[PDB]
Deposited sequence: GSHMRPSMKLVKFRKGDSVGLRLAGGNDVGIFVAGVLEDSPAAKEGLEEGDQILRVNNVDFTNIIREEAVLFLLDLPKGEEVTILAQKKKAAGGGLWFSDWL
């Protein structure tokens, strides 16, 4: 049900995000060959926490900038849960 994903940030975090009208922040894509991919992050997962931030109470714009601004080399810890729905490949 929950998953803890930990990787060292490279030049980018290797993720894209999606959400709606304050209904949670979701993984909308994981970069191929990235540390995030290697460690098991998946499209459709809800992000609950990144490092010391509650990702269930953050506005969209901050969620984006927080991840962009983490320095290269720093460890990123994501707690994810496996409002939005996502289909499989069709």
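Would you flag the ranges of the deposited sequence that the structure leaves without C-alpha positions?
Those stretches are 1-6, 89-94, listed in order.
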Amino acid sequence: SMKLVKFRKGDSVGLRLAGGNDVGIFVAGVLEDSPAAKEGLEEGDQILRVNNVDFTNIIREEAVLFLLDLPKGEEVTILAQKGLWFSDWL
From here on, numbers count along this sequence of modelled residues.
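Which has the higher mean CA temperature factor in the PDB entry, 67-75 or 12-20?
Looking at the recorded C-alpha B-factors, 67-75 comes out higher on average.
In the PDB entry, which of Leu48, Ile59, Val27, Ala36 has its C-alpha at the highest B-factor?
The record points to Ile59.
Among the modelled residues of this chain, does the Cα B factor of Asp54 put it in the lowest, middle or highest third?
Bottom third by C-alpha B-factor.
Which third of the chain does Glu32 land in by C-alpha B-factor: lowest, middle or highest?
CA B-factor rank for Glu32: lowest third.
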